[PDB]
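Read through the structure below, which is laid out as structure tokens, and then see the notes.
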Amino acid sequence: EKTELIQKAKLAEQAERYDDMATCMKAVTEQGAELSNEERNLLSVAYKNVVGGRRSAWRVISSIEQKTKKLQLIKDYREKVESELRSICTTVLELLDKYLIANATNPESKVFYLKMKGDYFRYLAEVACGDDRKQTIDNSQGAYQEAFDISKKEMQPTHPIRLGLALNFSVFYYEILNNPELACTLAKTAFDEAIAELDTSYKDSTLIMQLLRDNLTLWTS
Amino acid sequence: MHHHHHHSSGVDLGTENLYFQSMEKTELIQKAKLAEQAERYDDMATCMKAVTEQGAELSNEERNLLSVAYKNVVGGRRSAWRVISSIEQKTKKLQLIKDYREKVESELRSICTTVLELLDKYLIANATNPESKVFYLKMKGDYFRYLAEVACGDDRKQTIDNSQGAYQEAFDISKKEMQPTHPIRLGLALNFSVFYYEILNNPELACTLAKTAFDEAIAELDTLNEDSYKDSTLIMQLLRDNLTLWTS
Amino acid sequence: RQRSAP
Amino acid sequence: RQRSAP
């Protein structure tokens, strides 16, 4: 039943049906074996799209709210989306804790899962409030930081996972903690250190570096 | 709608109930406009379905909200269905693909059935003017066409006949009642021609159907103010594009 | 792409 | 657009 689930996931993906894709990957993960590379990314992409659909909606709604009897109605709808965002995050965080990180068994994988734990807590923080916000933020920061250390200890500065982690960690700095200069330093550093060792897959790394460089241009505009 | 849910399979928590019946139209409409901004079309659909089930005639804005909602809901399946069958046609693993194609098909059908049901029980029943009647018959045409894209055997024949009858009736009324620049009429011509081209597979009739509608609109275009003009031309562009392709 | 009414 | 990891 595992080769099956994986094909249905690759289909669902081609067919842009990410609920299905997710369900499949969640079930593959629950079997409790370590995920291969291709399997990690299938899981990652699936949930990225599922949760991404909510985050998008949440911004549109709050923006429409901030641009304004009818406001109790909008607010209620924002919260329906928030509830959805949380289950999805909880689901993913649960998978990372019960399964993925537990059995990581190598640095590259550990870094991927910790980054992800970082990202999903960050998605929660985008909509959190009061002290819920503080707990959420701490949890995100702890994950990224641990990932950051391991990535520095174990991986080449061109590795797309490490670059990706740097990208997301800087975004966290920039938009969640709101320390914009650290955000820049975090990105510029990763960028520069990668740019050095490119004389050494290239397409995988530079896709992410473009993002680093773009963010830097914006955060200095 | 914080208290609603839709299943994967295109069956939902349902609207035929006090919860939706005790809501004000104005609410449901705002819920829909939001859902639309937020690109959440299941919600938008549910909302409009509930507005329709109140049984009043839909205003123009209301028609289009309904149309757009269901368009996106069903469109997501049609897309997936093409991807899957294309991957199938390119090829043990084929059972699995075929089963998945059928899961999608089942979804396509409920959505179509739902819409066809709304058109029959409510929308057409109470049409009360030509423009509206044309919009709803065109829609009936469209949703039967979506069924035909995936239908087979004699299921296919019934489906096709039912699409053709709706379009034709719409076509006649539009010709009797509406200006050739009217976007509903043009939109109907466009979809009818596509039906001719892809479902009946008479490509020359498809072209004549489109060229005609195009040409007859092009004549009467210096009529229009800028605002209406933009509505019509958006569709004419599509007519002209289809013609180019169907002659390439 | 063939295209149909928006 | 701020952008995050693909």
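The table below lists the values:
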{"quantity": "Residue, nearest to the other protein chains (Cβ to nearest Cβ), within the range B:7-54, restricted to residues that are outside any helix (DSSP H, G or I) and closer than 15 Å to A:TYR77 by Cβ", "calculated": "B:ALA38"}
{"quantity": "Some residue of the range A:183-199 being outside any helix (DSSP H, G or I) and of a type outside the set (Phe, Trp, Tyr)", "calculated": "no"}
{"quantity": "Residue check, A:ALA190 surrounded by fewer than 17 Cβ atoms within 10 Å (Cβ to Cβ) and hydrophobic (A, V, I, L, M, F, W, C)", "calculated": "no"}
{"quantity": "Residue satisfying condition, being within 13 Å of chain C (Cβ to nearest Cβ), of a type in the set (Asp, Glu) and more than 20 Å from B:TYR143 (Cα to Cα), within set B:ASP227, B:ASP222, B:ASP241, B:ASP215", "calculated": "B:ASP241"}
{"quantity": "Near pairs, Cβ below 6 angstrom, 6+ apart or cross-chain, from the range B:77-88 (among the acidic types (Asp, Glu)) to any residue that is part of a helix (DSSP H, G or I)", "calculated": "B:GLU88/B:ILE97"}
{"quantity": "From the options B:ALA213, B:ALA206, residue that is crowded, with 16+ Cβ neighbours inside 10 Å, in contact with a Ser or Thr (Cβ under 6 Å, 6 or more places away or on another chain) and not polar (S, T, N, Q)", "calculated": "B:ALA206"}
{"quantity": "Matching entry among B:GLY76, B:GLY165 (being of a type in the set (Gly, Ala, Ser) and either within 22 Å of B:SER59 (Cα to Cα) or in contact with an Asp or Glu (Cβ under 8 Å, 6 or more places away or on another chain) (or both))", "calculated": "B:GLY76"}
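Positions of Cβ are generated from backbone atoms using ideal geometry, with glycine treated the same way; all protein chains shown enter the neighbour counts. FYI, it's all coordinate maths here, none of it is from the lab.
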